[PDB]
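The chain that follows stands alone, in the form deposited in one PDB entry, written as C-alpha cells.
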C-alpha cells in the first residue's frame, strides 16, 4: 500500500467549539526532521512595523521590566515594556535611559550636587565639612576626554589615571557620558533589537484614563518605540479613544491594543487603529481575575481565536499570560501568535527589579500583579508573591530560544512563519490530553528527583 492515513486533529476542530482548553490540554504531533535545530529562524513581528529576532517580550509589571530588563531583553533579541506604576517622569526616564544605552558607556551614572570627580579618597579622611563641593575641590586640571571618545582610547587612557571611569564631554563641560572599565571582554549581540538610530528598542505601558495623555507625552519625548494599553478588558470606548488620540498625534508610533480574548473585541481595536493585540485575560500566574469576577477565557483558545481574526488584517498578536514554561511558548506561537509576553517566567532573573533574599534555605525574588492591592476601596484582581532564582536574561533567553528551536525542529518547521502556515493549512497536527495524559506528560513514578533546565 504505502499510504498511511491522515491521523491527527486540526486546530479548527480543537479550539473552535466551546470546550475552552489551555496549553496543558493538547500536544503537537511530530513531523519530519531534515535540518538542525539551530537552523530554525525565530524572526517574528511585534507590530505592523516592528520586527524582533526573537518572539520573547517582557511584561510591563513593576517586578519584571525596568531599564535593566528592557535592555537585556533587547540585547538578547527581544523587547521590554516599562511598567507605569510611578510618576510619568520616572517611567519616561527609564525609557530614555534605555533608548540611549551604549555598549561600554556607563549605564546611568549616580550623581550628587555641590550642595569635578569625587574619588572615595576624600570621603574617608580629614567632620563632614560644609557640603560636597568644599570637601571636594577636584581641580579643572583633571583627567577627562574629548568627543573623539571611543572604547579604544578610553580603557587604555584610563590606565594612565589608573581609574575605571574617565569622564567625557562635548564642549560645554556638561558630561555627555562617562566611559567605564567595569565586562573585561564585552561579548557580541548579533540579534540585538534596535531602531533606525541604532538604539535598542523600548516599549512602555500606559493607562487609558485621561491623566495618561500627559504621561504618554513624556514617554514619546524619550523616544519610546511602542506603547501598550494596560487593561484587563481593553474593548472599551475609553481605549478606542485613547487609540485614536495617539495614532493621530503620533503617526510614527506603534500602539498595542488592550488585553482582549475575542474576535469581536479585536474588531474595535483593529478599527481604532492598533498595531497589535495583547491577547490574554486571567492567565497570569499572579492574575486572579477569573476567580473574583466572571469574565475571561482559556488562553490557548483565546490566542488561537483572536489570531485567526487579527491575521486577516496583518495585526500581530501577543500571547500574554499562561506561559509557565518553554513549551507553552512554542504552543502559543503555533496557534497564531506572533510573539509571547512573560512575567513570572522572567521574575527571579537578575535583570528584574528588586533584590534577592534567601528564605527557608531557598533563593527568592519578589513578584506580583499590577492589579494587586500592593501594586495599586478597589477590587484586587491580582496577588502578590515571589519566585525562585533563574540565571541572567543573557543566558536564560538564549535557553528559551534553543527550546523554541528544538520545538520547531521536532515539528518539522524551519521558522515560526512556517509553523503558523502549517497549522492554518491543516498539516500541523494536534491531540487532546486527558488528565492522565497530562500526568504521564510530566514527571511521575519517581521516589524523588531534582530539576535543572539549561
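Rigid core: the largest C-alpha set superposing within 1.5 Å between the two forms. Residue numbers count along the first chain shown, from 1.
Keep in mind that the form deposited in another entry is not shown, yet the notes after this line are about it.
Of the candidates 241, 150, 199, 85, the Cα that moves 2 angstroms or more after core superposition between this form and the one not shown belongs to 150 alone. With a cut-off of 2 Å and the rigid core superposed, residue 262 has a Cα displacement that falls short of the cut-off between this form and the one not shown.
Residue 285: CA moves 2 Å or more between this form and the one not shown after rigid-core fitting.
Shown in the overlay between this form and the one not shown, fitted on the rigid core, is a CA shift at residue 213 smaller than 2 Å.
The pair residue 292 and residue 317 is at least 3 angstroms closer at the CA level in that other deposited form than in the present model. Relative to this form, residue 319 and residue 292 approach one another in that other deposited form, with their C-alpha atoms ending up at least 3 Å closer.
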